[PDB]
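What follows is the content of structure.cif (mmCIF, C-alpha atoms; chains and numbers go by the auth columns).
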data_data
loop_
_atom_site.group_PDB
_atom_site.id
_atom_site.type_symbol
_atom_site.label_atom_id
_atom_site.label_comp_id
_atom_site.label_asym_id
_atom_site.label_seq_id
_atom_site.Cartn_x
_atom_site.Cartn_y
_atom_site.Cartn_z
_atom_site.B_iso_or_equiv
_atom_site.auth_seq_id
_atom_site.auth_asym_id
ATOM 1 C CA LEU A 1 29.571 56.580 49.893 0.00 585 A
ATOM 2 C CA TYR A 2 28.170 54.811 52.937 0.00 586 A
ATOM 3 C CA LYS A 3 26.207 52.357 50.786 0.00 587 A
ATOM 4 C CA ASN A 4 29.155 51.489 48.542 0.00 588 A
ATOM 5 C CA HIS A 5 31.476 50.990 51.500 0.00 589 A
ATOM 6 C CA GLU A 6 28.976 48.665 53.157 0.00 590 A
ATOM 7 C CA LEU A 7 28.358 46.784 49.871 0.00 591 A
ATOM 8 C CA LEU A 8 32.126 46.648 49.086 0.00 592 A
ATOM 9 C CA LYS A 9 32.840 45.339 52.646 0.00 593 A
ATOM 10 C CA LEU A 10 30.041 42.728 52.211 0.00 594 A
ATOM 11 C CA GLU A 11 31.601 41.713 48.829 0.00 595 A
ATOM 12 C CA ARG A 12 35.030 41.396 50.576 0.00 596 A
ATOM 13 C CA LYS A 13 33.344 39.050 53.118 0.00 597 A
ATOM 14 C CA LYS A 14 31.870 37.152 50.114 0.00 598 A
ATOM 15 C CA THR A 15 35.385 36.864 48.541 0.00 599 A
ATOM 16 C CA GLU A 16 36.816 35.549 51.859 0.00 600 A
ATOM 17 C CA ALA A 17 33.994 32.934 52.026 0.00 601 A
ATOM 18 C CA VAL A 18 34.544 32.131 48.284 0.00 602 A
ATOM 19 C CA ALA A 19 38.333 31.934 48.419 0.00 603 A
ATOM 20 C CA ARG A 20 38.050 29.795 51.539 0.00 604 A
ATOM 21 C CA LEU A 21 35.493 27.534 49.879 0.00 605 A
ATOM 22 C CA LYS A 22 37.686 27.377 46.781 0.00 606 A
ATOM 23 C CA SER A 23 40.911 26.878 48.729 0.00 607 A
ATOM 24 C CA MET A 24 39.456 23.902 50.556 0.00 608 A
ATOM 25 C CA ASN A 25 38.391 22.414 47.140 0.00 609 A
ATOM 26 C CA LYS A 26 41.895 22.899 45.749 0.00 610 A
ATOM 27 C CA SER A 27 43.358 21.198 48.815 0.00 611 A
ATOM 28 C CA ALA A 28 40.711 18.512 48.464 0.00 612 A
ATOM 29 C CA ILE A 29 41.372 17.892 44.798 0.00 613 A
ATOM 30 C CA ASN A 30 45.128 17.755 45.353 0.00 614 A
ATOM 31 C CA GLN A 31 44.771 15.270 48.235 0.00 615 A
ATOM 32 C CA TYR A 32 42.567 12.955 46.145 0.00 616 A
ATOM 33 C CA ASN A 33 45.098 12.957 43.300 0.00 617 A
ATOM 34 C CA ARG A 34 47.835 12.162 45.833 0.00 618 A
ATOM 35 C CA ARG A 35 45.871 9.116 47.105 0.00 619 A
ATOM 36 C CA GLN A 36 45.589 7.861 43.501 0.00 620 A
ATOM 37 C CA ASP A 37 49.284 8.462 42.865 0.00 621 A
ATOM 38 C CA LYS A 38 50.424 6.583 45.950 0.00 622 A
ATOM 39 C CA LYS A 39 48.063 3.746 45.067 0.00 623 A
ATOM 40 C CA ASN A 40 49.497 3.619 41.555 0.00 624 A
ATOM 41 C CA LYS A 41 53.169 3.762 42.478 0.00 625 A
ATOM 42 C CA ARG A 42 52.490 0.981 44.948 0.00 626 A
ATOM 43 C CA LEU A 43 50.692 -1.270 42.469 0.00 627 A
ATOM 44 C CA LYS A 44 53.460 -0.517 40.008 0.00 628 A
ATOM 45 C CA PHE A 45 56.249 -1.587 42.364 0.00 629 A
ATOM 46 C CA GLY A 46 54.437 -4.804 43.163 0.00 630 A
ATOM 47 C CA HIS A 47 53.826 -5.618 39.530 0.00 631 A
ATOM 48 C CA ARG A 48 57.522 -5.097 38.746 0.00 632 A
ATOM 49 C CA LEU A 49 58.700 -7.462 41.481 0.00 633 A
ATOM 50 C CA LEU B 1 21.375 81.552 59.971 0.00 1030 B
ATOM 51 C CA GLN B 2 22.413 85.052 58.737 0.00 1031 B
ATOM 52 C CA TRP B 3 25.340 85.119 61.246 0.00 1032 B
ATOM 53 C CA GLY B 4 27.384 82.664 59.124 0.00 1033 B
ATOM 54 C CA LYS B 5 27.333 79.712 56.676 0.00 1034 B
ATOM 55 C CA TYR B 6 30.879 78.415 57.415 0.00 1035 B
ATOM 56 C CA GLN B 7 29.418 75.907 59.902 0.00 1036 B
ATOM 57 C CA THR B 8 27.793 73.905 57.106 0.00 1037 B
ATOM 58 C CA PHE B 9 31.272 73.218 55.728 0.00 1038 B
ATOM 59 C CA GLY B 10 32.299 71.625 59.011 0.00 1039 B
ATOM 60 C CA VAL B 11 29.185 69.459 59.072 0.00 1040 B
ATOM 61 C CA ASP B 12 29.947 68.373 55.507 0.00 1041 B
ATOM 62 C CA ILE B 13 33.603 67.604 56.283 0.00 1042 B
ATOM 63 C CA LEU B 14 32.679 65.363 59.207 0.00 1043 B
ATOM 64 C CA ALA B 15 29.911 63.517 57.355 0.00 1044 B
ATOM 65 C CA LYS B 16 32.284 62.587 54.530 0.00 1045 B
ATOM 66 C CA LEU B 17 35.363 61.793 56.607 0.00 1046 B
ATOM 67 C CA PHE B 18 33.414 59.383 58.813 0.00 1047 B
ATOM 68 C CA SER B 19 32.540 57.409 55.664 0.00 1048 B
ATOM 69 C CA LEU B 20 35.799 55.437 55.661 0.00 1049 B
ATOM 70 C CA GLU B 21 35.718 52.619 58.265 0.00 1050 B
ATOM 71 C CA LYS B 22 39.502 52.284 57.692 0.00 1051 B
ATOM 72 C CA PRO B 23 42.249 54.635 59.023 0.00 1052 B
ATOM 73 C CA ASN B 24 39.901 57.656 59.504 0.00 1053 B
ATOM 74 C CA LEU B 25 37.181 55.824 61.532 0.00 1054 B
ATOM 75 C CA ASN B 26 39.759 54.010 63.752 0.00 1055 B
ATOM 76 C CA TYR B 27 41.514 57.358 64.493 0.00 1056 B
ATOM 77 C CA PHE B 28 38.297 59.226 65.377 0.00 1057 B
ATOM 78 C CA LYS B 29 37.107 56.361 67.585 0.00 1058 B
ATOM 79 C CA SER B 30 40.389 56.320 69.496 0.00 1059 B
ATOM 80 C CA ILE B 31 40.334 60.095 69.952 0.00 1060 B
ATOM 81 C CA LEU B 32 36.691 60.512 70.967 0.00 1061 B
ATOM 82 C CA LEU B 33 36.563 57.541 73.345 0.00 1062 B
ATOM 83 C CA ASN B 34 39.813 58.203 75.206 0.00 1063 B
ATOM 84 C CA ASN B 35 58.451 58.953 65.641 0.00 1077 B
ATOM 85 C CA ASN B 36 55.288 57.202 66.773 0.00 1078 B
ATOM 86 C CA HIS B 37 56.487 57.680 70.347 0.00 1079 B
ATOM 87 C CA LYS B 38 56.599 61.435 69.787 0.00 1080 B
ATOM 88 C CA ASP B 39 53.092 61.235 68.342 0.00 1081 B
ATOM 89 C CA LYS B 40 51.814 59.353 71.386 0.00 1082 B
ATOM 90 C CA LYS B 41 53.369 61.877 73.766 0.00 1083 B
ATOM 91 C CA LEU B 42 51.951 64.777 71.753 0.00 1084 B
ATOM 92 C CA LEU B 43 48.490 63.199 71.654 0.00 1085 B
ATOM 93 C CA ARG B 44 48.465 62.711 75.418 0.00 1086 B
#
How does the structure come out when it is put into structure tokens?
Amino acid sequence: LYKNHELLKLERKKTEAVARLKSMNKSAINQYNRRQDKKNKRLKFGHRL
Amino acid sequence: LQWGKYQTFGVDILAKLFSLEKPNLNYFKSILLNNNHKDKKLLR
């Protein structure tokens, strides 16, 4: 019981580190796609004028 | 030893209840170191 609780708690710490690492990647990927979008909508407005 | 064996059950209860560093461990820590209003008054 003591070993599993320690191991399970350690795994929960691992999930927090993992979700956090993953969350920051998701935010990062979304931001990059937003930069490309703005750049495109801009170039598109220019090319229409 | 021959007087009784009911003490071993208490030892076993404590060893297993302490295993849960959640509600049980927090409660025992608070009690050993030191409607919810009624519970606080009754505890004091």
Report as a tab-separated table the residues of chain B within 9 Å of chain A, each with its shortest atom pair and distance in Å (one decimal), using only C-alpha atoms, ordered by chain and increasing residue number.
residue	atom	partner	partner_atom	distance
B:1045	CA	A:585	CA	8.1
B:1048	CA	A:586	CA	5.8
B:1049	CA	A:589	CA	7.5
B:1050	CA	A:589	CA	8.1
Near-residue 1060 of chain B list (12 Å; all atoms listed in the file; drop same-chain fewer than 3 positions) as a list in words: residues 1053, 1054, 1055, 1056, 1057, 1063, 1082, 1085 and 1086 of chain B
Between atom CA of residue 605 of chain A and atom CA of residue 621 of chain A - distance in Å to one decimal: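 So the answer is 24.6 Å.
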Any chance you could model N, CA, C and O atoms for segment 599-610 of chain A and send them as a PDB file, in the frame of the given file?
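The result, stored in selection.pdb:
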ATOM      1  N   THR A 599      34.124  37.364  49.154  1.00  0.00           N
ATOM      2  CA  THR A 599      35.385  36.864  48.541  1.00  0.00           C
ATOM      3  C   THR A 599      36.115  35.974  49.552  1.00  0.00           C
ATOM      4  O   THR A 599      36.612  34.914  49.142  1.00  0.00           O
ATOM      5  N   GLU A 600      36.138  36.375  50.827  1.00  0.00           N
ATOM      6  CA  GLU A 600      36.816  35.549  51.859  1.00  0.00           C
ATOM      7  C   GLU A 600      36.107  34.193  51.955  1.00  0.00           C
ATOM      8  O   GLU A 600      36.809  33.163  52.003  1.00  0.00           O
ATOM      9  N   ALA A 601      34.769  34.196  51.944  1.00  0.00           N
ATOM     10  CA  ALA A 601      33.994  32.934  52.026  1.00  0.00           C
ATOM     11  C   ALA A 601      34.268  32.084  50.779  1.00  0.00           C
ATOM     12  O   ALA A 601      34.454  30.858  50.911  1.00  0.00           O
ATOM     13  N   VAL A 602      34.328  32.749  49.623  1.00  0.00           N
ATOM     14  CA  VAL A 602      34.544  32.131  48.284  1.00  0.00           C
ATOM     15  C   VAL A 602      35.982  31.618  48.193  1.00  0.00           C
ATOM     16  O   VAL A 602      36.147  30.440  47.820  1.00  0.00           O
ATOM     17  N   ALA A 603      36.978  32.456  48.512  1.00  0.00           N
ATOM     18  CA  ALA A 603      38.333  31.934  48.419  1.00  0.00           C
ATOM     19  C   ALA A 603      38.507  30.747  49.358  1.00  0.00           C
ATOM     20  O   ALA A 603      39.113  29.739  48.995  1.00  0.00           O
ATOM     21  N   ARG A 604      37.952  30.864  50.561  1.00  0.00           N
ATOM     22  CA  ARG A 604      38.050  29.795  51.539  1.00  0.00           C
ATOM     23  C   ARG A 604      37.362  28.540  51.023  1.00  0.00           C
ATOM     24  O   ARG A 604      37.887  27.437  51.174  1.00  0.00           O
ATOM     25  N   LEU A 605      36.190  28.699  50.410  1.00  0.00           N
ATOM     26  CA  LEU A 605      35.493  27.534  49.879  1.00  0.00           C
ATOM     27  C   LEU A 605      36.322  26.909  48.764  1.00  0.00           C
ATOM     28  O   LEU A 605      36.474  25.691  48.683  1.00  0.00           O
ATOM     29  N   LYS A 606      36.852  27.774  47.906  1.00  0.00           N
ATOM     30  CA  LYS A 606      37.686  27.377  46.781  1.00  0.00           C
ATOM     31  C   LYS A 606      39.010  26.757  47.211  1.00  0.00           C
ATOM     32  O   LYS A 606      39.474  25.782  46.621  1.00  0.00           O
ATOM     33  N   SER A 607      39.612  27.332  48.247  1.00  0.00           N
ATOM     34  CA  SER A 607      40.911  26.878  48.729  1.00  0.00           C
ATOM     35  C   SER A 607      40.804  25.447  49.234  1.00  0.00           C
ATOM     36  O   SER A 607      41.667  24.612  48.957  1.00  0.00           O
ATOM     37  N   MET A 608      39.719  25.216  49.950  1.00  0.00           N
ATOM     38  CA  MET A 608      39.456  23.902  50.556  1.00  0.00           C
ATOM     39  C   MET A 608      39.202  22.870  49.431  1.00  0.00           C
ATOM     40  O   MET A 608      39.628  21.713  49.613  1.00  0.00           O
ATOM     41  N   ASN A 609      38.587  23.268  48.302  1.00  0.00           N
ATOM     42  CA  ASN A 609      38.391  22.414  47.140  1.00  0.00           C
ATOM     43  C   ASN A 609      39.725  22.101  46.474  1.00  0.00           C
ATOM     44  O   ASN A 609      39.971  20.965  46.071  1.00  0.00           O
ATOM     45  N   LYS A 610      40.589  23.106  46.362  1.00  0.00           N
ATOM     46  CA  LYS A 610      41.895  22.899  45.749  1.00  0.00           C
ATOM     47  C   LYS A 610      42.708  21.916  46.584  1.00  0.00           C
ATOM     48  O   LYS A 610      43.371  21.028  46.048  1.00  0.00           O
TER      49      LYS A 610
END
